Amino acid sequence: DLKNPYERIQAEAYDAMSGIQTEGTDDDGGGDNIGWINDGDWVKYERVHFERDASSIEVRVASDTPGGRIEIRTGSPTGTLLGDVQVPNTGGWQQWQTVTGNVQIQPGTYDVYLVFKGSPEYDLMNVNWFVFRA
């Protein structure tokens, strides 16, 4: 029941959430994406076990708006900030790109939260999966 951070975690495989919804994605691979994301929403992924230090994160994302950013925290949605990535407009809700942002994560078993931040005036983005790099 540990999750491997160095292979893809599907955004839809969350253990808790606030304010989000899932739909079938068009992206390469099939499955679902999360969506209907607004400033302040989040998703929690339990038991993410890092065996080596991570220095970046890759997120598969889409946006039909000015976009927003993804905060990586642990423990809780107001837990320590380990990194972020900004998701830009990408042309569409189903126009997928892979962004990358720096993180600093020591070895450890964490509850990983992706907290979504941006303007309250529009939905921010869709997310499909993510994976870390050492």
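Numbers follow the displayed sequence, beginning with 1.
Looking at the entry, does 92-100 or 35-43 show the higher mean C-alpha B-factor? According to the entry, 92-100 carries the higher average C-alpha B-factor.
Third of the chain, ranked by Cα B-factor, where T74 sits: Lowest third of the chain for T74's C-alpha B-factor.
Splitting the chain's C-alpha B-factors into thirds, which one does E12 fall into? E12: CA B-factor falls in the lowest third of its chain.
Based on the entry's values, in what third of the chain does the Cα temperature factor of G19 lie: lowest, middle or highest? It belongs to the lowest third of the chain when residues are ordered by C-alpha B-factor.
Ranked C-alpha temperature factor of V131 among modelled chain residues, by third: Middle third of the chain for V131's C-alpha B-factor.
Using only modelled residues of the chain, where does the Cα B factor of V48 rank: lowest third, middle third or highest third? Lowest third - that is where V48 ends up once the chain's C-alpha B-factors are sorted.
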